[PDB]
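Have a look at my_file.txt; it's compact mmCIF, C-alpha atoms:
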```
# COMPACT_ATOMS: atom_id res chain seq x y z
CA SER F 1 -56.02 219.55 -100.59
CA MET F 2 -56.28 216.73 -98.18
CA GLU F 3 -54.38 218.83 -95.56
CA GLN F 4 -57.11 221.62 -95.83
CA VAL F 5 -59.77 219.01 -95.24
CA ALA F 6 -58.00 217.56 -92.19
CA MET F 7 -57.65 221.09 -90.76
CA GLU F 8 -61.38 221.61 -91.44
CA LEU F 9 -62.30 218.40 -89.65
CA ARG F 10 -60.20 219.54 -86.55
CA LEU F 11 -62.06 222.89 -86.57
CA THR F 12 -65.36 221.06 -86.75
CA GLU F 13 -64.44 218.82 -83.87
CA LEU F 14 -63.22 221.82 -81.80
CA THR F 15 -66.57 223.45 -82.63
CA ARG F 16 -68.42 220.44 -81.32
CA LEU F 17 -66.47 220.46 -78.04
CA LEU F 18 -66.95 224.26 -77.64
CA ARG F 19 -70.71 223.90 -78.13
CA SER F 20 -70.84 221.46 -75.19
CA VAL F 21 -68.63 223.82 -73.10
CA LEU F 22 -70.93 226.74 -73.99
CA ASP F 23 -74.02 224.76 -73.00
CA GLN F 24 -72.46 223.84 -69.66
CA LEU F 25 -71.42 227.48 -68.94
CA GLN F 26 -74.80 228.84 -69.88
CA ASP F 27 -76.43 226.38 -67.36
CA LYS F 28 -74.54 228.20 -64.67
CA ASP F 29 -76.63 231.30 -65.54
CA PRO F 30 -80.18 230.03 -64.76
CA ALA F 31 -81.51 233.59 -64.44
CA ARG F 32 -80.40 234.26 -68.06
CA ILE F 33 -78.64 237.51 -67.07
CA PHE F 34 -75.97 236.89 -69.74
CA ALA F 35 -78.16 235.29 -72.45
CA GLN F 36 -78.48 238.33 -74.70
CA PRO F 37 -76.66 241.56 -75.46
CA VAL F 38 -77.19 244.50 -73.11
CA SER F 39 -80.05 246.51 -74.83
CA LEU F 40 -78.91 249.95 -76.10
CA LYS F 41 -82.55 251.01 -76.11
CA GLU F 42 -82.63 250.27 -72.31
CA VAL F 43 -78.98 251.25 -71.39
CA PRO F 44 -78.32 253.99 -73.96
CA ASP F 45 -74.93 255.00 -72.38
CA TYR F 46 -73.63 251.36 -72.29
CA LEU F 47 -70.99 251.77 -75.01
CA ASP F 48 -69.50 254.85 -73.25
CA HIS F 49 -68.70 252.33 -70.44
CA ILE F 50 -68.00 249.02 -72.14
CA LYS F 51 -65.93 248.93 -75.28
CA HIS F 52 -66.33 245.27 -76.17
CA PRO F 53 -69.82 243.95 -75.14
CA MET F 54 -70.38 240.24 -75.08
CA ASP F 55 -73.12 237.76 -74.21
CA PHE F 56 -73.95 234.09 -74.78
CA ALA F 57 -76.12 234.60 -77.91
CA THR F 58 -73.31 236.51 -79.60
CA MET F 59 -70.83 233.68 -78.69
CA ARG F 60 -73.28 231.14 -80.05
CA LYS F 61 -73.42 232.98 -83.43
CA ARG F 62 -69.64 233.04 -83.62
CA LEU F 63 -69.42 229.40 -82.63
CA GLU F 64 -71.83 228.18 -85.33
CA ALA F 65 -69.86 230.04 -88.00
CA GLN F 66 -66.83 228.02 -86.66
CA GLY F 67 -65.41 231.39 -85.64
CA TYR F 68 -63.32 230.17 -82.66
CA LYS F 69 -59.93 228.82 -83.87
CA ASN F 70 -58.85 227.66 -80.38
CA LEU F 71 -60.07 227.53 -76.76
CA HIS F 72 -58.16 230.72 -75.88
CA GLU F 73 -60.36 232.77 -78.24
CA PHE F 74 -63.53 231.26 -76.70
CA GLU F 75 -62.30 231.94 -73.18
CA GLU F 76 -61.52 235.57 -74.03
CA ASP F 77 -65.18 236.06 -75.02
CA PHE F 78 -66.45 234.29 -71.84
CA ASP F 79 -64.18 236.47 -69.74
CA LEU F 80 -65.59 239.62 -71.44
CA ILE F 81 -69.07 238.62 -70.31
CA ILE F 82 -67.96 238.45 -66.70
CA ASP F 83 -65.50 241.32 -66.71
CA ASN F 84 -67.84 243.81 -68.45
CA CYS F 85 -70.55 243.03 -65.90
CA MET F 86 -68.21 243.51 -62.90
CA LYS F 87 -67.17 246.95 -64.19
CA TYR F 88 -70.63 248.33 -65.16
CA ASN F 89 -72.45 247.02 -62.12
CA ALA F 90 -71.65 247.65 -58.47
CA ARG F 91 -70.69 244.91 -56.03
CA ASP F 92 -74.04 244.99 -54.21
CA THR F 93 -76.14 244.11 -57.31
CA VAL F 94 -77.79 240.98 -58.51
CA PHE F 95 -75.88 241.41 -61.82
CA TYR F 96 -72.36 241.59 -60.31
CA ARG F 97 -73.11 238.70 -57.97
CA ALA F 98 -74.36 236.54 -60.91
CA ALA F 99 -71.04 237.24 -62.76
CA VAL F 100 -69.01 236.10 -59.72
CA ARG F 101 -71.02 232.86 -59.48
CA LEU F 102 -70.73 232.22 -63.23
CA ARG F 103 -66.98 232.85 -63.08
CA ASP F 104 -66.49 230.53 -60.11
CA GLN F 105 -68.68 227.76 -61.51
CA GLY F 106 -67.36 228.07 -65.07
CA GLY F 107 -63.71 227.71 -63.88
CA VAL F 108 -64.33 223.98 -63.27
CA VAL F 109 -65.81 223.45 -66.79
CA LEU F 110 -62.97 225.43 -68.43
CA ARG F 111 -60.29 223.60 -66.43
CA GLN F 112 -61.34 220.24 -67.97
CA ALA F 113 -62.07 221.65 -71.44
CA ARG F 114 -58.38 222.77 -71.51
CA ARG F 115 -57.23 219.24 -70.66
CA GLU F 116 -59.58 217.81 -73.41
CA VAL F 117 -58.43 220.21 -76.12
CA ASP F 118 -54.75 219.42 -75.31
CA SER F 119 -55.43 215.69 -74.98
CA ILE F 120 -57.48 215.17 -78.23
CA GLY F 121 -55.21 217.69 -80.05
```
Structure encoded using structure tokens:
Amino acid sequence: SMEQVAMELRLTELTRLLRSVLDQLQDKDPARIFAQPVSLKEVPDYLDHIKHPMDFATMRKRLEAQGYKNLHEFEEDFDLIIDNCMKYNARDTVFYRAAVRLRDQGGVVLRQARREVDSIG
């Protein structure tokens, strides 16, 4: 149907905007702490701690399959990155501190993405 196509074009356009958001958020992680999944070879107990792991490569795979229906879904995954890190790692670690900085800096990017998603529909 034409309606299915129009809905598909909206998803595609949302996907394009989310890719730019994701690029901007990932620039706020220049050390690449959150680039890849936590290695279960190197942190074998990780899944006893963290029930829903997340990282930017895994978000990128979901994104390119047009797997985010709305900005809320994307934000949930970004929040998992930060929140998992702040539970597993102590306050006095380079990892926890990188999560705080990413959170604080990403807030700005996400604040305008919300306005753009609402605005463009």
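For the residues F:20, F:104, F:49, F:119, ranking by smallest atom-to-atom distance to residue F:87 using all atoms listed in the file places F:49 first.
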Checklist entry - Could you work out how far atom CA of residue F:78 lies from atom CA of residue F:37, giving the answer in Å with one decimal? => result 13.0 Å
Quick one: everything within 9 Å of residue F:88, counting all atoms listed in the file, minus sequence neighbours fewer than 4 positions away in the same chain. Send it as a PDB file with C-alpha atoms, in the frame of the given file.
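Contents of the output file result16.pdb:
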```pdb
ATOM      1  CA  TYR F  46     -73.630 251.360 -72.290  1.00  0.00           C
ATOM      2  CA  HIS F  49     -68.700 252.330 -70.440  1.00  0.00           C
ATOM      3  CA  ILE F  50     -68.000 249.020 -72.140  1.00  0.00           C
ATOM      4  CA  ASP F  83     -65.500 241.320 -66.710  1.00  0.00           C
ATOM      5  CA  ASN F  84     -67.840 243.810 -68.450  1.00  0.00           C
ATOM      6  CA  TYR F  96     -72.360 241.590 -60.310  1.00  0.00           C
TER       7      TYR F  96
END
```
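If you measure from each of F:51, F:72, F:28, F:97 to residue F:109 using all atoms listed in the file, the closest one turns out to be F:28.
Among the candidate residues F:54, F:40, F:6, F:82, the one lying nearest to residue F:102 is F:82, with distances computed using all atoms listed in the file.
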Checklist entry - Within 12 Å of residue F:99, counting all atoms listed in the file, which residues qualify if same-chain residues fewer than 6 places away don't, as a ChimeraX atom specification? => result /F:25-26,28-34,55,78-93,105-106
Write a file of the selected residues as a PDB file, in the frame of the given file, keeping C-alpha atoms.
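result-v2.pdb was written with the following content:
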```pdb
ATOM      1  CA  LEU F  25     -71.420 227.480 -68.940  1.00  0.00           C
ATOM      2  CA  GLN F  26     -74.800 228.840 -69.880  1.00  0.00           C
ATOM      3  CA  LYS F  28     -74.540 228.200 -64.670  1.00  0.00           C
ATOM      4  CA  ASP F  29     -76.630 231.300 -65.540  1.00  0.00           C
ATOM      5  CA  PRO F  30     -80.180 230.030 -64.760  1.00  0.00           C
ATOM      6  CA  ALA F  31     -81.510 233.590 -64.440  1.00  0.00           C
ATOM      7  CA  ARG F  32     -80.400 234.260 -68.060  1.00  0.00           C
ATOM      8  CA  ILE F  33     -78.640 237.510 -67.070  1.00  0.00           C
ATOM      9  CA  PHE F  34     -75.970 236.890 -69.740  1.00  0.00           C
ATOM     10  CA  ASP F  55     -73.120 237.760 -74.210  1.00  0.00           C
ATOM     11  CA  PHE F  78     -66.450 234.290 -71.840  1.00  0.00           C
ATOM     12  CA  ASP F  79     -64.180 236.470 -69.740  1.00  0.00           C
ATOM     13  CA  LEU F  80     -65.590 239.620 -71.440  1.00  0.00           C
ATOM     14  CA  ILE F  81     -69.070 238.620 -70.310  1.00  0.00           C
ATOM     15  CA  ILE F  82     -67.960 238.450 -66.700  1.00  0.00           C
ATOM     16  CA  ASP F  83     -65.500 241.320 -66.710  1.00  0.00           C
ATOM     17  CA  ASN F  84     -67.840 243.810 -68.450  1.00  0.00           C
ATOM     18  CA  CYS F  85     -70.550 243.030 -65.900  1.00  0.00           C
ATOM     19  CA  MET F  86     -68.210 243.510 -62.900  1.00  0.00           C
ATOM     20  CA  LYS F  87     -67.170 246.950 -64.190  1.00  0.00           C
ATOM     21  CA  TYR F  88     -70.630 248.330 -65.160  1.00  0.00           C
ATOM     22  CA  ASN F  89     -72.450 247.020 -62.120  1.00  0.00           C
ATOM     23  CA  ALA F  90     -71.650 247.650 -58.470  1.00  0.00           C
ATOM     24  CA  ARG F  91     -70.690 244.910 -56.030  1.00  0.00           C
ATOM     25  CA  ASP F  92     -74.040 244.990 -54.210  1.00  0.00           C
ATOM     26  CA  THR F  93     -76.140 244.110 -57.310  1.00  0.00           C
ATOM     27  CA  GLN F 105     -68.680 227.760 -61.510  1.00  0.00           C
ATOM     28  CA  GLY F 106     -67.360 228.070 -65.070  1.00  0.00           C
TER      29      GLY F 106
END
```
Next on the checklist: For a test of reading the model, state the distance in Å between atom CA of residue F:56 and atom CA of residue F:35, rounded to one decimal.
Outcome noted: 5.0 Å
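Ranking F:17, F:11, F:117, F:38 by their shortest atom-to-atom distance to residue F:57, with all atoms listed in the file included, puts F:38 first.
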Item to check | Who sits within 10 Å of residue F:68, all atoms listed in the file, same chain under 2 positions skipped, as number ranges by chain | outcome: F: 11, 14-15, 18, 59, 62-66, 70-75, 77
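A straight line drawn from atom CA of residue F:27 to atom CA of residue F:100 is 14.4 Å long.
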